[PDB]
Amino acid sequence: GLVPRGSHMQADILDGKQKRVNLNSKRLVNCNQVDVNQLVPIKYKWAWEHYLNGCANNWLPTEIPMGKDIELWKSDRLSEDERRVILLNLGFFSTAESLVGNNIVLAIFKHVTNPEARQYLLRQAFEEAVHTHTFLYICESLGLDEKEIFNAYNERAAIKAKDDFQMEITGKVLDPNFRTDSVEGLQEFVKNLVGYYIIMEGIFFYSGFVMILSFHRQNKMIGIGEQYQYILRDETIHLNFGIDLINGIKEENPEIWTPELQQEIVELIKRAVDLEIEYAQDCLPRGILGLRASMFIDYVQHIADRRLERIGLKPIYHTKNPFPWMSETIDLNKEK
Amino acid sequence: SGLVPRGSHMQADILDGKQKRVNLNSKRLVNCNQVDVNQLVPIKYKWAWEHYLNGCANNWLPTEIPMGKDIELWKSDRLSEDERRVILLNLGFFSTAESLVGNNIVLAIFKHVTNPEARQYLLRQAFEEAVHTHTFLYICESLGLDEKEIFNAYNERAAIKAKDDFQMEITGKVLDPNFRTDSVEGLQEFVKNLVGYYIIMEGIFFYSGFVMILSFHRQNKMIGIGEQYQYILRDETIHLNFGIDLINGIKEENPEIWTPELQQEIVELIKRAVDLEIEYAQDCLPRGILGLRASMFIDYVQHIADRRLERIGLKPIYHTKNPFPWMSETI
């Protein structure tokens, strides 16, 4: 257990040694008593593990062949109703990933005063960029009008409704005056976290996944499908991290978790469910093979219940999952 | 290139929403509030997108690089006290330097680069900083170093602190929650931050260290650390090229900011960085090690400074030769 002479670096600023970080002084928010620039010693092992797991999931949209997708898209084989599902989903996702990425950088990162959690955030934000690249790649491959697709959240009411809601639940976290060192401020911050991790990534995205992966299972648009499988694998970790972060902040700041905040989070999730159901209905006015709006009523309620449970809230809908295969692809894409 | 099929268009039910489609010619690198920043398309800055694609093609993780030979050498008496000093001081500086760079991308740069393709690159770059930070943790754990001792070096070692303090100063007022780039003064301050982090920190302050560590690698010493630094160098080369492109792009779009006064201030900042970096090299090398002496870094740091100056349209000022020409070899 012995190293040779000179294996330590020597300080010439003696008072500087006090800036070594006390592990137990570290906190997820409002931590100004220790140096946030030093990674060590790691306190939140869960955050570090999410980071390592994400790093092991590198993929690039350009590694996935689109030849069969292009051939199918350009043919007359797809019904207009099938195309409608694909186009609306691309429309929503093309900008939703940028909304998530921008929120990580511009809202979340400043207030998560912890280096190991920030490491994960940097991986997460980069993954959003990869997802955005996916939608560009799909548009270019299929010869879609890229501006029509990317502007969809400004042109289609059911998509705009979801993203206007997102803006509302973002709160004032972007404001130069926003701070998390009041009870009210930290509560607002937690609502932003619920909005992005639980609602946008955990409910809005998972519903899109069923629509697209339903095509994949029918051997239609399998290039898009494979890309969405990779996206789902990432989003599984994003969600797990977000849940851990919310639960960690609650534990360290129990005064924020009032009946009032609890009830508001429940109402926000209810509003998300209604908006996602309305979106599914816009995607499926008549339904397509293997996909009807009524199935999404049950599915969206089901997953909302699962999200509520994970952050210590009671399930409210009690519906069953009409897509058992999603759980099996969820199983295959489970975090280590 | 096939025909657009019937029914393959997304139909609008908000009729005036079409106005929000982004006009290519309206996009700008800074102060762009006339178009929607959330939509990537249409891509204007091809150079930014190219840097993004290049970074994505460079994936690596430190845990993929075996440390067995490095551990054996570190435990042996075949590495001198002086060689250990060079390694430890560099690990000390780099362990927090990448966190500083990444934090600045997120907390200072991203908000004000009002362009989605440039932001795609920034997210890739910030993730690469995280990979580099991981690298230094992994080296510490592999070699059984005191991790708190290494990561706290920038608070404990004067020559390291001097570099990072200068870095805090040149960061300017960009972190002020009310800082804005929509004035000549504001944009000049922002450009000074870009020079500070891309040119000075990533383009000069990393370079004595690269030379020192890669010199060990060329002598077959600590080849595990060496390989990790080779991957870091590959990333850092793209970081620098992006930063130079961004600075030059902002200048082109806002030429009124590039005043003789600003040009002179930037030269003076780079001169101060050179002095600090030479002092850091002197701290690493109180005595010579094979092919490395403190005096060599006077020539080298000045040489690379001249190269950085040229790339952002400023005249070289030192005119020194490069004593480490092998740094320009491809691996």
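If you go along the chain as it appears here, the first residue is 1 and each next one adds 1.
Per the header of the entry, the method used was X-ray crystallography, 1.7 Å.
Using N, Cα and C of the backbone, Cβ positions are placed for all residues, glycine too.
Under the heading active site, Swiss-Prot lists A:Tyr137, citing similarity to another entry as support. Taking Cβ-Cβ distances under 8 Å and a sequence separation of 6 or more, the neighbours of A:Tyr137 (active site) in its chain are A:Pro61, A:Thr62, A:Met66, A:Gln227. DSSP assigns A:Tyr137 (active site) to a helix.
Its own atom aside, the Cβ of A:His131 (Fe cation 1 binding site) has 24 Cβ atoms within 10 angstroms in the protein chains shown. Residues or ranges marked as Fe cation 1 binding site in Swiss-Prot: A:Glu97, A:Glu128, A:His131.
Over all protein chains present, the Cβ of A:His238 (Fe cation 2 binding site) has 25 other Cβ atoms lying within 10 Å. What Swiss-Prot records for A:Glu128, A:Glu201, A:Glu235, A:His238 is Fe cation 2 binding site, and it gives similarity to another entry as the kind of evidence.
Among the features that the PDB entry reports, expression tag is placed at A:1-8.
The two recorded residues A:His238 (Fe cation 2 binding site) and A:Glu128 (Fe cation 1 binding site) have their Cα atoms spaced 10 Å from each other.
Listed in chain order, the residues near the Fe cation 1 site other than A:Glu97, A:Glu128, A:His131 are A:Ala96, A:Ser98, A:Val100, A:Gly101, A:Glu127, A:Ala129, A:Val130, A:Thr132, A:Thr134, A:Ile231, each with its Cβ within 8 Å of the site Cβ centroid. Proximity to chain B (Cβ-Cβ under 8 A) holds for A:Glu128 out of the recorded positions A:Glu97, A:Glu128, A:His131, A:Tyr137. Cα separation, A:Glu235 (Fe cation 2 binding site) to A:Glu97 (Fe cation 1 binding site), rounded: 11 Å. A:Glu235 (Fe cation 2 binding site) has a Cβ environment of 23 other Cβ atoms inside 10 Å.
Same-chain residues with CB within 8 A of the center of the A:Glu128, A:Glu201, A:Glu235, A:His238 CB atoms, the Fe cation 2 site residues themselves not counted, are A:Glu97, A:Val100, A:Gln124, A:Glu127, A:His131, A:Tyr197, A:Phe205, A:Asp234, A:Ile237, A:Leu239. Distance from the CA of A:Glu201 (Fe cation 2 binding site) to the CA of A:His131 (Fe cation 1 binding site) is 12 Å.
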